[PDB]
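Chain by chain, the residues:
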Amino acid sequence: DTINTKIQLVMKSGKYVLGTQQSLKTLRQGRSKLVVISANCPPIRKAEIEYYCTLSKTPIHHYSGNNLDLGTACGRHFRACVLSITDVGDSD
Amino acid sequence: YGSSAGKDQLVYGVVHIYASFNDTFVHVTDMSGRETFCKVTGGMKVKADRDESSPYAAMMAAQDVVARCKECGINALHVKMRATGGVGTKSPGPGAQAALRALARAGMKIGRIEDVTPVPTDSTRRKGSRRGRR
Amino acid sequence: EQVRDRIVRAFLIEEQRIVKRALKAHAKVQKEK
Amino acid sequence: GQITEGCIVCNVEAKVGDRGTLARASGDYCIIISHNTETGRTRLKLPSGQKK
Amino acid sequence: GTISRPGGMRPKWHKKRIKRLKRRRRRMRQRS
Amino acid sequence: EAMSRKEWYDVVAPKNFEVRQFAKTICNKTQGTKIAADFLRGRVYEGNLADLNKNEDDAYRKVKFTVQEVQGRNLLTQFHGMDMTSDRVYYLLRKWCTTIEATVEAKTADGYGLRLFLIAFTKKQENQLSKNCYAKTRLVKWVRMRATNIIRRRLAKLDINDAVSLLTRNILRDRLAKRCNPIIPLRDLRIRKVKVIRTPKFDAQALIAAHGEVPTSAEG
Amino acid sequence: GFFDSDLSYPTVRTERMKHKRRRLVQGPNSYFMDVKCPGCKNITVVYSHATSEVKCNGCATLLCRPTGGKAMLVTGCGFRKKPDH
Amino acid sequence: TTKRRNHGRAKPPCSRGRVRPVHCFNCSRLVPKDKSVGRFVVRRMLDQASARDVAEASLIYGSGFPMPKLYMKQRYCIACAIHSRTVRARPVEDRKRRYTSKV
Amino acid sequence: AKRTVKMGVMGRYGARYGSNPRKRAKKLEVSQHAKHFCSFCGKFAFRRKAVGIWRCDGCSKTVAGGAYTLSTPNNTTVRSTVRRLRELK
RNA sequence: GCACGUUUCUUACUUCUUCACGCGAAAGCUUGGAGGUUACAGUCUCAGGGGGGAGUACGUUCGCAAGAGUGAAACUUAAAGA
RNA sequence: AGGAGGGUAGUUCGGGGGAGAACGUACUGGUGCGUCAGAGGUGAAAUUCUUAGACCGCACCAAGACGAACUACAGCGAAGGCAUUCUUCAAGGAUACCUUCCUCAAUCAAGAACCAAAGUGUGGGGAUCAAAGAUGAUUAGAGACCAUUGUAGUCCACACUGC
Ligand SMILES: [K+]
Ligand SMILES: [K+]
Ligand SMILES: [K+]
Ligand SMILES: [K+]
Ligand SMILES: [K+]
Ligand SMILES: [Mg+2]
Ligand SMILES: [Mg+2]
Ligand SMILES: [Mg+2]
Ligand SMILES: [Mg+2]
Ligand SMILES: [Mg+2]
Ligand SMILES: [Mg+2]
Ligand SMILES: [Mg+2]
Ligand SMILES: [Mg+2]
Ligand SMILES: [Mg+2]
Ligand SMILES: [Mg+2]
Ligand SMILES: [Mg+2]
Ligand SMILES: [Mg+2]
Ligand SMILES: [Mg+2]
Ligand SMILES: [Mg+2]
Ligand SMILES: [Mg+2]
Ligand SMILES: [Mg+2]
Ligand SMILES: [Mg+2]
Ligand SMILES: [Mg+2]
Ligand SMILES: [Mg+2]
Ligand SMILES: [Mg+2]
Ligand SMILES: [Mg+2]
Ligand SMILES: [Mg+2]
Ligand SMILES: [Mg+2]
Ligand code: NA
Ligand code: NA
Ligand SMILES: [Zn+2]
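Residues numbered from 1 in each chain as written, not as in the entry; some residues may be left out. Chains lettered and ligands numbered in written order. Part of a larger assembly, values for the part shown. Heavy atoms only, no water. Residues with missing side-chain atoms left out of burial classes, pairs and counts.

For chain F, the name recorded in the PDB entry is 40S ribosomal protein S3a, with Trypanosoma brucei brucei as its organism. Here the PDB entry's recorded title is "CRYO-EM STRUCTURE OF TRYPANOSOMA BRUCEI PROCYCLIC FORM 80S RIBOSOME : PARENTAL STRAIN". According to the UniProt record, the Subcellular location (unreviewed entry) comment for chain F reads "Cytoplasm". Word for word, the UniProt comment on chain F under Subunit (unreviewed entry) is "Component of the small ribosomal subunit. Mature ribosomes consist of a small (40S) and a large (60S) subunit. The 40S subunit contains about 33 different proteins and 1 molecule of RNA (18S). The 60S subunit contains about 49 different proteins and 3 molecules of RNA (25S, 5.8S and 5S)." (UniProt positions renumbered as here; feature names shortened; annotations may be inferred.)

Chain D is annotated in the PDB entry as 60S ribosomal protein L2, putative from Trypanosoma brucei brucei.

**Topic: the overall build of chain D**
In terms of helices and strands, chain D carries zero helices and three strands. When the helices and strands of chain D are listed from N to C terminus, the series reads β-β-β. Scaling as 2.2 N^0.38, a compact globule of 52 residues should have a C-alpha radius of gyration of about 10 Å, and chain D matches this with 11 Å. Based on the C-alpha atoms only, the size of chain D along its principal axes is roughly 35 × 25 × 20 Å. Within chain D, residue pairs in contact and separated by at least 24 positions form 20% of the contacts whose partners lie at least 6 positions apart. (Helix = DSSP H or I, 4+ residues; strand = E, 2+ residues; numbered from the N terminus. Rg over C-alpha atoms; globule rule 2.2 N^0.38 Å. Contact = heavy atoms within 4.5 Å.)

**Remarks on the packing of aromatic side chains**
Using the criterion set out here, one finds 10 aromatic pairs over all chains in the structure. One aromatic cluster is present, formed by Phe-17, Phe-22 and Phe-65 of chain F through successive ring pairs. A cation over an aromatic ring shows up here: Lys-81 of chain G above the ring of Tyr-31 of chain G, its NZ or CZ 4.2 Å from the ring centre. (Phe/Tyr/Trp six-rings, centres within 6.5 Å; stacked < 30°, edge-to-face > 60°. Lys NZ or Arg CZ within 6 Å of the ring centre and 35° of its normal.)

**Examining the interface of chain D and chain I**
The interface of chain D with chain I comprises six residues on the first partner and five residues on the second. Tallied by class, the residues present in the side of chain D that touches chain I amount to three nonpolar, three polar and no charged. (Nonpolar A, V, L, I, M, F, W, Y, C, P; charged D, E, K, R; others polar.)

**Observations concerning the protein's contact with RNA strand K**
Taken together, 82 residues lie around RNA strand K, and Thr-41 of chain B, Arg-5, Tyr-134 and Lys-193 of chain F together with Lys-33 of chain H are the ones closest in. The sugar-phosphate share of atoms of RNA strand K within 4 Å of the protein amounts to 68%. A distance of 2.7 Å is found between a phosphate oxygen of RNA strand K and a side-chain nitrogen or oxygen belonging to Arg-5 of chain F. Of all the secondary structure elements, the ones that give two or more residues to the surface near RNA strand K are β2 (24-29) and β3 (36-41) of chain B, β6 (99-107), β7 (113-122), α4 (137-155) and β8 (186-198) of chain F together with β4 (69-76) of chain H. Here the surface near RNA strand K takes three residues from β3 of chain B, the largest share from any one element. Taken together, the residues of the surface near RNA strand K break down into 18 nonpolar, 27 polar and 37 charged. (Near = heavy atom within 4 Å. Polar contact = N/O pair within 3.5 Å; in protein donor to acceptor, adjacent residues only side chain to side chain.)

**Observations concerning the pairing of strand β4 (residues 82-87) of chain A**
All names here are of chain A. Most of β4 sits inside the fold, with five of its six residues counted as buried. For strand β1 (residues 15-18) and β4, the ladder comprises four bridges, and the chain directions are antiparallel. Bridge assignment links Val-17 to a residue of β4, and that residue is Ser-84. Two elements, strand β2 (residues 34-37) and β4, share four bridges in a ladder whose sense is antiparallel. Paired with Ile-37 across the two strands is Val-82, which belongs to β4. (Buried < 20%, exposed > 50% of the residue type's maximum accessible area, 1.4 Å probe, protein only. Pairing = 2+ DSSP bridges.)

Below you can see the structure in the form of structure tokens.
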């Protein structure tokens, strides 16, 4: 997938955080360039993250898979409900 | 028995001619199919049970229909022939040609001959085994 | 945890409700013109 | 009358206000067959194969 | 005919006859 | 005697056909609780296009009309469908070519629902020397798609009377052949069959307009 | 037609019709072209059998369309074949 | 002894695995489609004598309009095609004539 | 298959009740005690708690399902039928 | 853009009833061999050793069963076969 | 390497495979009208249905299977096999290339997966045809070929079987 290839590039030469707590921390500090949210996110937690992104003027990408698929797309053996990219490397 | 039309005006019915290898039907209806004027079969004219499909029996049946249709007030007929059909011979029987010729020569007008055999576009299994009739 | 969930739920749902009302009224204005 | 023909339903009332008397066992359901708008009636296929 | 001389009964039916023979032997040995 | 209880009627077609009264019929008279109008209504009559509309290939087309109202000794009808006759279809078939068939679902502006069936064949060019003219499957799918769109757009803006005139006068047939030939050479494109699958509820005013002036009937 | 064939020195006609890798010595079938797009006066070198996406340095618009075989140039462009050596 | 190079059908090796069967037009025996004997028959509905008599009475066919015909694609099993004389046994070095078309 | 060649979980019944009835109950018994996938939280943590009631050990959600499996084959087709019919309106 | 007409090329299923050597007991095969083999050697692998008894008996593995795989001999025959 | 593998492209090619939604006539069975004496089946008959309205004609309804003609010394697949339309999912070969890599290969005891029809187990479904069975003929006889029926099966899901 197009998004899957870009995530692989960021994993190699970029900066990121995985998880809800760390993603909100970067949103408060204003060091977020893109937020990817899995389709598995609980409705009330997704509403909070979208509100934070609107305040900080950060684009949102709605992932098609669930947290199991998003976690493996980062070369991990665990699940991740949200991914926040702080420094796009040689990617787009 | 009516129709209040001029003697020079043609009044049209439809004759259905079913000709199988065991019998022959000559059935006259109106322009729809919901009203029947007369119906005679080849088996109503013979006794031998093996000539029900003979050309002679078909000719006799067609002559009876013309006599009755003249009384009803029908002058001309549209023709619809058919064979047995779906799982069947698909080949017309021996009495089909005789019935149509007898109708014309008895004093009736003809128009728009057609064939209405069923002809499935994909069918169920037909009789006999995979070795056929022996 | 449950107290925090109720506070967040109350504020965010009400904000969404206000957003819809403004959106519908603006659409009616555009139709009027 | 608000359910499209061919849908699967359970807990169907036989009388208006009976609060549900049909298709209540473990894995049962009914099937809506047709609506008759002239008389305001609906036809169903019961789990036993009958039509009501 | 599409085969050469078989020299016996039809080979399909000879196979079935041995087929039934083997069942009877199996049942007889089961009785002991 | 069966004929002693029968009465004669006239079947009259809508006003987009040249010949209005195209058939005669019989029915039982009124006795007791049985009313003849309840039995006459709903019958389906069949006619030939060549006889109805007047020297073309219309001699192979059949048009059906369903009875909707009884006006004295007259039966007022409406379009029900058309078909092509089987001998004509078998005569158009050949070997060493491809047969293309399409089914199109369309609706008019007055709520009528129609289903249409088309048929067409590939042809050899005038200087061709090869042994067949089979088509690529990609071009066959393209022909079906373009024909489907043209029929859908043309019929969505017309009422039932204008839609019938379009189908019975080879206006749509000519347009389809013109716009589908550049995809692949074709011969003998036809509308094989038309079925009416939906019908709006009865409206006396609509039927009266569809028929206009009605010729008198001499039965009685 | 009196001349006889020599396997080590084929005639022009015989060798011209042969598939590459069936010749006496195999070689390429492609070449390079000098393409000028309409506008920006820039010149770019394009492979004849190009399957990737080729854009001029400035205009950032497509210059050819990949197909099966030789690529097809955009309508506004003109090309000149470059020498082998 | 191999009688025919194509074995009586039209299925070369390395071309197909299985060809669907059809019912014999006469006895309803099942035979593969490529092996059966197929003929396309166009039959007049009436012979010359009956057609002449019908045409005088008809206002449609009375003036130079063709009468309808019957179209059929008949497939025979091998036994029925021989018994009906559609095909006959042929001499060797003659079994190889093909007749790609009508007549 | 170290401790038992073919009996599996039905090895607690000894030599009673017949071979085929034991086999028929082995399929349903294995699935009834297995861990199923939770689409709410993405974990394999669904377990049965009385017939028809399934609870997830991860997100603590309770679902009404099948007697011996979380989702019956009939349920999936009904879900797709209803979704297609709703969007049809 | 879609077909056709003309000349080349790579892949595939074929035909000669106006297809050559060669091979084979013959029927026939032939760029796709059953050719390039007493002028007998490119590489690997699976079967056969006169006809029957017999794919039978016994033993063992697999199968719910029906069966499947492995697999003899004592005796008897001058032919069976193409 | 006119040996193997991988890449990009024509979103190329094809009854190749898996999922949904629909379509077509036909066989069977019902419903509503019409008519009235036979219909069916065979070499010839009989078993069978029928004034309590069969067969036939028109219109419609229900369910299951099947996709005619086009269809070929044609296509796809490792083989077994694959034929209505539309929407989807992952693949496969051939071709084109001054892309990449640098012997990564051929064949194979043991081992694995798939494998027509019939057959087996558990649930669905049941229109047609039809092993077993019944009846009528034919025959010296006929447990057969012919006729009317008829159960399992024939269809789907999940497991076997491997002839
Ligand atoms: K008879
Ligand atoms: K012989
Ligand atoms: K043949
Ligand atoms: K079964
Ligand atoms: K039978
Ligand atoms: Mg009879
Ligand atoms: Mg039989
Ligand atoms: Mg056989
Ligand atoms: Mg022989
Ligand atoms: Mg032999
Ligand atoms: Mg061609
Ligand atoms: Mg192939
Ligand atoms: Mg085979
Ligand atoms: Mg030899
Ligand atoms: Mg040899
Ligand atoms: Mg040697
Ligand atoms: Mg030996
Ligand atoms: Mg055992
Ligand atoms: Mg068993
Ligand atoms: Mg064995
Ligand atoms: Mg019926
Ligand atoms: Mg078809
Ligand atoms: Mg089977
Ligand atoms: Mg069962
Ligand atoms: Mg059986
Ligand atoms: Mg029989
Ligand atoms: Mg039967
Ligand atoms: Mg099955
Ligand atoms: Na050759
Ligand atoms: Na059968
Ligand atoms: Zn959970």
